[PDB]
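Next comes target.tsv, a file with TSV, C-alpha atoms and all ligand atoms.
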```tsv
chain	number	residue	atom	x	y	z
K	11	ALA	CA	-16.15	-29.05	3.41
K	12	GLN	CA	-14.29	-26.68	1.14
K	13	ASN	CA	-10.45	-26.81	0.87
K	14	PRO	CA	-10.06	-29.88	3.07
K	15	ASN	CA	-6.31	-30.20	2.45
K	16	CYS	CA	-5.91	-26.57	3.78
K	17	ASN	CA	-4.05	-25.32	0.73
K	18	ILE	CA	-3.19	-21.66	0.40
K	19	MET	CA	-5.69	-20.17	-2.06
K	20	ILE	CA	-5.00	-17.35	-4.49
K	21	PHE	CA	-7.81	-14.93	-5.47
K	22	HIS	CA	-8.15	-12.60	-8.44
K	23	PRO	CA	-11.11	-10.26	-7.71
K	24	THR	CA	-12.49	-8.08	-10.42
K	25	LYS	CA	-12.71	-4.32	-9.79
K	26	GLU	CA	-16.36	-4.85	-9.08
K	27	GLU	CA	-15.63	-7.53	-6.51
K	28	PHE	CA	-12.97	-5.27	-4.92
K	29	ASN	CA	-15.51	-2.72	-3.66
K	30	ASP	CA	-16.83	-4.48	-0.63
K	31	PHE	CA	-14.01	-5.69	1.61
K	32	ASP	CA	-16.09	-7.61	4.18
K	33	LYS	CA	-18.11	-9.32	1.49
K	34	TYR	CA	-14.93	-10.48	-0.29
K	35	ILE	CA	-13.45	-11.89	2.94
K	36	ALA	CA	-16.70	-13.79	3.56
K	37	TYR	CA	-16.54	-15.05	-0.08
K	38	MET	CA	-13.00	-16.34	0.35
K	39	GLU	CA	-14.06	-18.18	3.53
K	40	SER	CA	-17.06	-19.69	1.63
K	41	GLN	CA	-14.43	-21.26	-0.62
K	42	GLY	CA	-12.43	-22.60	2.37
K	43	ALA	CA	-9.57	-20.13	2.22
K	44	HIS	CA	-9.31	-19.78	5.99
K	45	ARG	CA	-8.52	-23.40	6.42
K	46	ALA	CA	-4.97	-22.72	5.16
K	47	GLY	CA	-4.36	-19.88	7.65
K	48	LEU	CA	-3.19	-17.61	4.77
K	49	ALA	CA	-4.56	-16.46	1.39
K	50	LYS	CA	-3.16	-14.33	-1.43
K	51	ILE	CA	-5.28	-11.64	-3.12
K	52	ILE	CA	-4.07	-10.23	-6.43
K	53	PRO	CA	-5.75	-6.81	-6.88
K	54	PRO	CA	-7.60	-5.99	-10.14
K	55	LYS	CA	-5.34	-4.70	-12.86
K	56	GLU	CA	-7.00	-1.28	-12.72
K	57	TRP	CA	-6.25	-0.74	-9.01
K	58	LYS	CA	-3.34	1.05	-7.48
K	59	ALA	CA	-2.37	1.78	-3.90
K	60	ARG	CA	-0.90	5.15	-4.76
K	61	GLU	CA	0.46	6.92	-7.82
K	62	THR	CA	4.16	6.53	-7.17
K	63	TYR	CA	6.60	5.68	-4.36
K	64	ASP	CA	8.90	8.42	-5.50
K	65	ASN	CA	8.95	10.28	-2.32
K	66	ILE	CA	9.27	7.65	0.61
K	67	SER	CA	12.84	8.07	1.54
K	68	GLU	CA	11.95	10.70	4.07
K	69	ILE	CA	9.99	8.37	6.31
K	70	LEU	CA	11.90	7.80	9.57
K	71	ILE	CA	12.69	4.44	11.05
K	72	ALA	CA	13.04	5.66	14.64
K	73	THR	CA	14.20	2.31	16.07
K	74	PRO	CA	15.66	-0.05	13.43
K	75	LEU	CA	16.03	-3.60	14.87
K	76	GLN	CA	19.12	-5.77	14.28
K	77	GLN	CA	17.89	-9.36	14.37
K	78	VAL	CA	20.55	-11.43	16.08
K	79	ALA	CA	20.06	-15.23	15.93
K	80	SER	CA	21.02	-18.00	18.38
K	81	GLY	CA	20.68	-21.74	17.96
K	82	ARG	CA	21.06	-23.98	14.87
K	83	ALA	CA	20.11	-23.25	11.28
K	84	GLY	CA	16.73	-24.91	11.47
K	85	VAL	CA	15.81	-24.06	15.09
K	86	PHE	CA	16.75	-20.63	16.37
K	87	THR	CA	15.63	-17.64	18.25
K	88	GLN	CA	16.18	-14.01	17.41
K	89	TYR	CA	16.64	-11.03	19.58
K	90	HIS	CA	16.11	-7.49	18.46
K	91	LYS	CA	18.92	-5.11	19.21
K	92	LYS	CA	17.88	-1.45	18.89
K	93	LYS	CA	19.88	0.71	16.52
K	94	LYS	CA	20.10	4.42	15.92
K	95	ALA	CA	17.36	6.08	13.84
K	96	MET	CA	17.68	6.23	10.13
K	97	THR	CA	15.55	7.43	7.16
K	98	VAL	CA	14.06	4.97	4.68
K	99	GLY	CA	16.62	6.40	2.17
K	100	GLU	CA	19.44	5.53	4.51
K	101	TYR	CA	17.94	2.07	5.20
K	102	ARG	CA	17.50	1.31	1.50
K	103	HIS	CA	21.12	2.21	0.87
K	104	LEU	CA	22.13	-0.08	3.73
K	105	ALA	CA	19.98	-2.94	2.41
K	106	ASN	CA	21.69	-2.55	-1.03
K	107	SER	CA	25.23	-2.59	0.47
K	108	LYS	CA	27.56	-5.44	-0.12
K	109	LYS	CA	27.24	-6.56	3.54
K	110	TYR	CA	23.42	-6.80	3.47
K	111	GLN	CA	22.31	-7.29	-0.16
K	112	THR	CA	20.57	-10.33	-1.58
K	113	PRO	CA	23.17	-12.84	-2.90
K	114	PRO	CA	23.25	-14.16	-6.39
K	115	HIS	CA	20.70	-16.90	-6.80
K	116	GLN	CA	18.88	-18.91	-9.49
K	117	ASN	CA	15.22	-18.53	-8.44
K	118	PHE	CA	13.04	-18.25	-5.27
K	119	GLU	CA	13.76	-21.89	-4.29
K	120	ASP	CA	17.50	-21.40	-4.40
K	121	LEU	CA	17.12	-18.21	-2.36
K	122	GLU	CA	14.93	-20.06	0.18
K	123	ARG	CA	17.66	-22.75	0.48
K	124	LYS	CA	20.28	-20.07	1.07
K	125	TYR	CA	18.05	-18.35	3.69
K	126	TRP	CA	17.64	-21.50	5.79
K	127	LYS	CA	21.25	-22.50	5.39
K	128	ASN	CA	22.73	-19.18	6.24
K	129	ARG	CA	20.32	-16.93	8.14
K	130	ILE	CA	21.80	-17.52	11.54
K	131	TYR	CA	25.21	-16.28	10.50
K	132	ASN	CA	24.01	-12.79	9.74
K	133	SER	CA	22.08	-10.04	11.59
K	134	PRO	CA	19.85	-8.14	9.12
K	135	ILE	CA	18.24	-4.85	10.20
K	136	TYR	CA	14.38	-4.65	10.14
K	137	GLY	CA	12.26	-1.43	10.33
K	138	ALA	CA	9.21	-2.82	11.94
K	139	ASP	CA	6.05	-1.74	13.40
K	140	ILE	CA	6.13	1.90	12.21
K	141	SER	CA	2.66	3.49	12.65
K	142	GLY	CA	1.62	4.96	9.29
K	143	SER	CA	0.18	4.30	5.83
K	144	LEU	CA	1.34	4.50	2.24
K	145	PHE	CA	-2.17	4.21	0.73
K	146	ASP	CA	-3.31	7.35	-1.03
K	147	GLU	CA	-6.38	8.78	0.68
K	148	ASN	CA	-8.11	8.66	-2.67
K	149	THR	CA	-7.70	4.89	-2.93
K	150	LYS	CA	-11.11	3.71	-1.88
K	151	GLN	CA	-10.77	-0.08	-2.33
K	152	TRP	CA	-8.71	-2.16	0.10
K	153	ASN	CA	-7.11	0.86	1.65
K	154	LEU	CA	-5.67	-0.53	4.88
K	155	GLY	CA	-6.00	2.84	6.60
K	156	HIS	CA	-9.82	2.92	5.89
K	157	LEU	CA	-10.95	-0.45	7.16
K	158	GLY	CA	-13.83	-0.96	9.64
K	159	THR	CA	-12.26	-1.09	13.13
K	160	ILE	CA	-12.13	-4.07	15.44
K	161	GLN	CA	-13.79	-1.99	18.13
K	162	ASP	CA	-16.69	-1.30	15.80
K	163	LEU	CA	-16.92	-5.02	14.88
K	164	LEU	CA	-17.13	-5.92	18.58
K	165	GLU	CA	-19.80	-3.26	19.04
K	166	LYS	CA	-21.88	-4.47	16.06
K	167	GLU	CA	-21.64	-8.14	17.04
K	168	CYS	CA	-21.78	-7.92	20.86
K	169	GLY	CA	-23.17	-4.47	21.70
K	170	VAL	CA	-20.25	-3.46	23.78
K	171	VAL	CA	-18.62	-0.12	23.43
K	172	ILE	CA	-14.93	0.11	24.16
K	173	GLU	CA	-11.98	2.42	23.92
K	174	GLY	CA	-9.13	1.81	21.48
K	175	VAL	CA	-8.08	2.46	17.96
K	176	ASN	CA	-6.87	0.27	15.05
K	177	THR	CA	-4.20	1.77	12.69
K	178	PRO	CA	-1.80	0.30	10.14
K	179	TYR	CA	1.88	-0.34	10.45
K	180	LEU	CA	4.77	-0.10	7.96
K	181	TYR	CA	7.57	-2.63	7.65
K	182	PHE	CA	10.81	-1.94	5.85
K	183	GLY	CA	12.78	-5.18	5.16
K	184	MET	CA	16.03	-6.33	3.69
K	185	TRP	CA	17.50	-9.69	2.76
K	186	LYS	CA	17.12	-12.19	5.62
K	187	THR	CA	14.86	-9.98	7.73
K	188	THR	CA	12.64	-12.46	9.53
K	189	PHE	CA	9.21	-12.69	11.12
K	190	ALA	CA	9.06	-15.38	13.77
K	191	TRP	CA	6.31	-17.94	14.22
K	192	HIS	CA	3.19	-16.28	15.65
K	193	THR	CA	-0.50	-15.76	15.45
K	194	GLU	CA	-1.94	-12.25	15.72
K	195	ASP	CA	-2.76	-10.51	18.94
K	196	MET	CA	-6.05	-11.98	20.23
K	197	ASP	CA	-5.87	-14.40	17.25
K	198	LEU	CA	-7.11	-11.61	14.94
K	199	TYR	CA	-6.89	-11.59	11.18
K	200	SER	CA	-4.11	-9.64	9.52
K	201	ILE	CA	-3.90	-8.14	6.07
K	202	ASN	CA	-0.56	-7.27	4.56
K	203	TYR	CA	0.12	-5.33	1.37
K	204	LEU	CA	3.61	-5.46	-0.21
K	205	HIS	CA	3.93	-1.89	-1.50
K	206	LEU	CA	7.25	-2.21	-3.25
K	207	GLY	CA	10.50	-3.97	-3.60
K	208	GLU	CA	11.55	-7.56	-3.28
K	209	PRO	CA	9.39	-10.50	-2.28
K	210	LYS	CA	8.38	-11.94	1.11
K	211	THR	CA	8.19	-15.73	1.63
K	212	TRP	CA	5.55	-16.96	4.07
K	213	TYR	CA	5.09	-20.22	5.91
K	214	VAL	CA	1.77	-21.04	7.60
K	215	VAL	CA	0.16	-23.79	9.71
K	216	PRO	CA	-3.59	-24.43	9.20
K	217	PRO	CA	-5.58	-23.13	12.22
K	218	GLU	CA	-7.00	-26.53	12.86
K	219	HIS	CA	-3.46	-27.76	13.46
K	220	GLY	CA	-2.01	-24.90	15.38
K	221	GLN	CA	-1.66	-26.90	18.59
K	222	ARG	CA	0.68	-29.33	16.76
K	223	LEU	CA	3.03	-26.43	16.10
K	224	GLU	CA	2.74	-25.31	19.73
K	225	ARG	CA	3.62	-28.77	21.02
K	226	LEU	CA	6.68	-28.95	18.77
K	227	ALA	CA	7.71	-25.48	19.88
K	228	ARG	CA	7.50	-26.54	23.52
K	229	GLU	CA	9.82	-29.52	22.72
K	230	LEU	CA	12.28	-27.36	20.73
K	231	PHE	CA	12.40	-24.39	23.06
K	232	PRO	CA	11.95	-26.10	26.44
K	233	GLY	CA	13.20	-23.37	28.80
K	234	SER	CA	11.09	-20.75	26.97
K	235	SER	CA	8.10	-23.06	27.41
K	236	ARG	CA	8.70	-23.32	31.17
K	237	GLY	CA	8.97	-19.52	31.40
K	238	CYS	CA	5.66	-18.76	29.68
K	239	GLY	CA	2.61	-20.74	28.73
K	240	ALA	CA	2.29	-18.76	25.47
K	241	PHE	CA	5.81	-17.96	24.56
K	242	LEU	CA	5.21	-17.86	20.82
K	243	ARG	CA	3.54	-14.49	21.67
K	244	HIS	CA	7.06	-13.22	22.15
K	245	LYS	CA	7.64	-13.52	18.43
K	246	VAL	CA	11.20	-14.79	18.65
K	247	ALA	CA	11.20	-18.43	17.59
K	248	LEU	CA	12.01	-19.86	14.20
K	249	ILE	CA	11.62	-23.41	12.96
K	250	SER	CA	12.55	-24.32	9.37
K	251	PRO	CA	10.44	-26.16	6.87
K	252	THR	CA	12.84	-29.09	7.02
K	253	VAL	CA	12.32	-29.35	10.77
K	254	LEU	CA	8.58	-29.00	10.43
K	255	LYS	CA	8.58	-31.87	7.83
K	256	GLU	CA	10.77	-34.04	10.09
K	257	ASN	CA	8.27	-33.61	12.88
K	258	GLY	CA	5.11	-34.12	10.81
K	259	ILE	CA	3.74	-30.58	11.23
K	260	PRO	CA	1.29	-29.64	8.49
K	261	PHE	CA	2.27	-26.36	6.74
K	262	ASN	CA	2.29	-24.52	3.47
K	263	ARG	CA	4.48	-21.89	1.90
K	264	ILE	CA	3.99	-19.10	-0.63
K	265	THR	CA	5.93	-16.08	-1.89
K	266	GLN	CA	4.25	-12.64	-1.96
K	267	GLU	CA	5.40	-10.15	-4.56
K	268	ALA	CA	5.05	-6.41	-4.74
K	269	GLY	CA	1.49	-5.37	-5.47
K	270	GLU	CA	-0.09	-8.35	-3.75
K	271	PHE	CA	-2.14	-8.74	-0.52
K	272	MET	CA	-1.91	-11.55	1.97
K	273	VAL	CA	-4.58	-12.27	4.56
K	274	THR	CA	-3.82	-14.30	7.67
K	275	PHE	CA	-6.78	-15.93	9.39
K	276	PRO	CA	-7.54	-16.35	13.09
K	277	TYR	CA	-5.14	-18.69	14.76
K	278	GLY	CA	-3.06	-19.21	11.57
K	279	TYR	CA	0.53	-19.46	12.73
K	280	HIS	CA	2.86	-17.82	10.25
K	281	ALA	CA	6.57	-16.96	9.80
K	282	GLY	CA	8.70	-15.81	6.92
K	283	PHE	CA	11.51	-13.71	5.50
K	284	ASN	CA	12.24	-10.94	3.04
K	285	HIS	CA	14.22	-11.45	-0.13
K	286	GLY	CA	15.68	-7.96	-0.29
K	287	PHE	CA	14.76	-4.30	0.26
K	288	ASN	CA	10.95	-3.96	0.55
K	289	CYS	CA	8.14	-2.09	2.21
K	290	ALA	CA	4.93	-3.70	3.49
K	291	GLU	CA	1.90	-2.31	5.27
K	292	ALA	CA	-0.24	-4.45	7.58
K	293	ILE	CA	-3.11	-4.13	10.00
K	294	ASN	CA	-5.24	-6.42	12.15
K	295	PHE	CA	-8.97	-6.78	11.52
K	296	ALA	CA	-11.93	-8.76	12.72
K	297	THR	CA	-15.06	-10.39	11.31
K	298	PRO	CA	-17.93	-12.09	13.14
K	299	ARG	CA	-16.20	-15.43	12.85
K	300	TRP	CA	-13.18	-14.08	14.78
K	301	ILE	CA	-15.09	-13.51	18.00
K	302	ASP	CA	-14.87	-17.05	19.17
K	303	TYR	CA	-11.12	-17.13	18.45
K	304	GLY	CA	-10.68	-13.98	20.41
K	305	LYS	CA	-12.39	-15.55	23.41
K	306	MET	CA	-10.05	-18.57	23.29
K	307	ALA	CA	-6.79	-16.85	22.44
K	308	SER	CA	-3.80	-17.60	24.58
K	309	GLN	CA	-2.07	-14.98	26.36
K	310	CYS	CA	1.46	-14.15	27.51
K	311	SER	CA	1.23	-13.11	31.20
K	312	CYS	CA	5.14	-13.51	31.84
K	313	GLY	CA	5.37	-9.96	30.77
K	314	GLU	CA	7.55	-10.34	27.76
K	315	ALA	CA	4.93	-9.86	24.98
K	316	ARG	CA	3.87	-6.39	26.16
K	317	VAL	CA	1.16	-5.25	23.74
K	318	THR	CA	-1.08	-2.33	22.80
K	319	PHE	CA	-3.45	-0.15	24.53
K	320	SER	CA	-6.35	-1.50	22.40
K	321	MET	CA	-5.70	-5.14	23.33
K	322	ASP	CA	-6.59	-4.27	26.97
K	323	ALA	CA	-10.19	-3.86	26.13
K	324	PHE	CA	-10.33	-6.99	24.04
K	325	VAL	CA	-9.03	-9.01	27.00
K	326	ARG	CA	-11.29	-7.25	29.42
K	327	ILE	CA	-14.45	-7.95	27.47
K	328	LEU	CA	-13.73	-11.33	25.84
K	329	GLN	CA	-11.54	-12.86	28.57
K	330	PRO	CA	-12.63	-11.30	31.90
K	331	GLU	CA	-11.25	-14.20	33.95
K	332	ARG	CA	-7.75	-13.70	32.45
K	333	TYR	CA	-7.96	-9.89	32.77
K	334	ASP	CA	-6.35	-9.39	36.21
K	335	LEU	CA	-3.37	-11.81	35.51
K	336	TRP	CA	-2.75	-10.57	31.89
K	337	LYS	CA	-2.71	-6.93	33.15
K	338	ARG	CA	-0.24	-7.92	35.94
K	339	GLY	CA	2.01	-8.96	33.00
K	340	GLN	CA	1.28	-5.71	31.13
K	341	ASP	CA	1.95	-3.41	34.18
K	401	LIG	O1	5.60	-8.50	7.21
K	401	LIG	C1	6.04	-8.79	8.35
K	401	LIG	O2	7.22	-8.61	8.80
K	401	LIG	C2	5.22	-9.47	9.39
K	401	LIG	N1	3.78	-9.32	9.06
K	401	LIG	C3	2.86	-10.12	9.61
K	401	LIG	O3	3.09	-11.03	10.52
K	401	LIG	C4	1.44	-9.96	9.19
K	401	LIG	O4	1.09	-9.23	8.27
K	401	LIG	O5	0.66	-10.56	9.94
K	402	MG	MG	9.34	10.89	2.41
K	403	NI	NI	1.48	-11.59	11.57
K	404	ZN	ZN	5.43	-14.61	27.95
```

So, in terms of structure tokens, how does the structure I just supplied come out?
Ligand SMILES: O=C(O)CNC(=O)C(=O)O
Ligand SMILES: [Mg+2]
Ligand code: NI
Ligand SMILES: [Zn+2]
Amino acid sequence: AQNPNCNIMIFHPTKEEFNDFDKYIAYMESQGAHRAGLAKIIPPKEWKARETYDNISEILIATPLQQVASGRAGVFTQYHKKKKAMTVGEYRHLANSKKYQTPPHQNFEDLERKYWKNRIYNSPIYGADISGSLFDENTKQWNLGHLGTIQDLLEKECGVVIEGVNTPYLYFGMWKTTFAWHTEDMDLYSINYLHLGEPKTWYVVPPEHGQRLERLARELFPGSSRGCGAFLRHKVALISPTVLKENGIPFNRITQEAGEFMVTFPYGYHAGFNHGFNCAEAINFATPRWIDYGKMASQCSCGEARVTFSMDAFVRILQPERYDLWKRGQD
């Protein structure tokens, strides 16, 4: 078995190897990359996502989210308070302000220490989940707005023809902006490209051990657990590496820098934070190996997780028993 310790793997495809996206994903899995839940892909030196970022300040963040924390430094939840719209130019200036900027630090480890020590005492503002793309249309390789769709994968593998679309989303981050512990909708893959700015630190639990993280989360967030049988779908809970180590949960960590891709694999729980002002683009995708994960994915039916139009069809076809109850939650 390849990668039996479930380490995060880092790939350096050549420009030739970067032509066929599906083939490269299948290659990485042949080497065991999926066992980690997360992989890094460094693009060939010749590749570029677009020519410059020189004109991005005019993108609108219609609903910036202030991420307010509750709990203790290592075990907290966050709630998203909606703020007034602002442009990316306004948000970047805010991120660079004295109130919100990255503190002085020695290296990524010192910054990680400061994040876990101090996150809860601040409320950074995150521009999340903004439909759009920063890939140039002329970028033919690993262009996250040109991937094969999940609906087309389900049709090729299973013959079924469904409604729905699959488009990318932009994320504008600042110091301390945080992504809570989650897997993807329907336990899909994700791919995330850091277009510019400061790094993103990731934490990940191997898929084969995801239930260990779930059981700890039920112990640490016991009222949330009684409220919903899949409350990590709410994407609000944080647990620090120190707490994960104290409780024996297997995990890995890695820092993504500008110009790099990350892939998350089906049922790979992940969480993380931004080091400073940045912009990422991410989208869900599927392969044949996902189908079985989609069939087994948990679902939030309490009504809090409230997800896309396109997820309806996935539930309806892969999980017809759940359909009914999950749509009671979504209506
Ligand atoms: O970058 C972020 O804030 C969160 N992204 C993801 O969880 C992802 O790409 O799957
Ligand atoms: Mg612009
Ligand atoms: Ni994710
Ligand atoms: Zn729920």

Could you check the closest approach to residue 62 (chain K) for each of K:316, K:243, K:227, K:206 and tell me which residue wins, using only C-alpha atoms?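 Smallest distance to residue 62 (chain K) is found for K:206.
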
Exercise answer, 9 Å around ligand ZN 404 (chain K) with all atoms listed in the file, as a list in words: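 The residues near ligand ZN 404 (chain K) are residues 234, 235, 237, 238, 239, 240, 241, 242, 243, 244, 309, 310, 311, 312, 313, 314, 315, 316 and 339 of chain K.
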
Could you list, as a PyMOL selection string, all residues that come within 6 Å of ligand LIG 401 (chain K)? Count all atoms listed in the file. chain K and resi 189+200-202+292

Neighbours of ligand NI 403 (chain K) within 9 Å, counting only C-alpha atoms and all ligand atoms, as a ChimeraX atom specification? /K:189-195,199-202,274,278-281,292-294

Dump the neighbourhood of ligand MG 402 (chain K) as a ChimeraX atom specification: all residues within 8 Å, distances computed on all atoms listed in the file. /K:65-69,98

Among listed residues K:116, K:250, K:262, K:340, nearest residue 15 (chain K) (using all atoms listed in the file):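 Ranking K:116, K:250, K:262, K:340 by distance to residue 15 (chain K), first place goes to K:262.
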
Rounded to one decimal, what separation in Å do you get between CA of residue 185 (chain K) and CA of residue 123 (chain K)?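 The value is 13.3 Å.
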
Rank nothing, just name the residue among K:286, K:87, K:269, K:48 nearest to residue 212 (chain K), using all atoms listed in the file.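 Of the candidates, the smallest distance to residue 212 (chain K) is held by K:48.
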
Find the residues with any atom within 9 Å of (5.9, 9.8, 11.0); use only C-alpha atoms and the coordinates as given in the file, and write the answer as a PyMOL selection string. chain K and resi 69-71+140-142

Selected residue, from K:203, K:261, K:319, K:231, that lies nearest to residue 153 (chain K) when counting only C-alpha atoms: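 Among K:203, K:261, K:319, K:231, it is K:203 that comes nearest to residue 153 (chain K).
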
If we count all atoms listed in the file, what is near residue 111 (chain K) at a cut-off of 12 Å, once residues fewer than 6 positions away on the same chain are taken out, given as a ChimeraX atom specification? /K:101-105,132,134-135,183-187,208,284-288

Grab the CA of residue 160 (chain K) to CA of residue 305 (chain K) distance for me, in Å with one decimal place. 14.0 Å
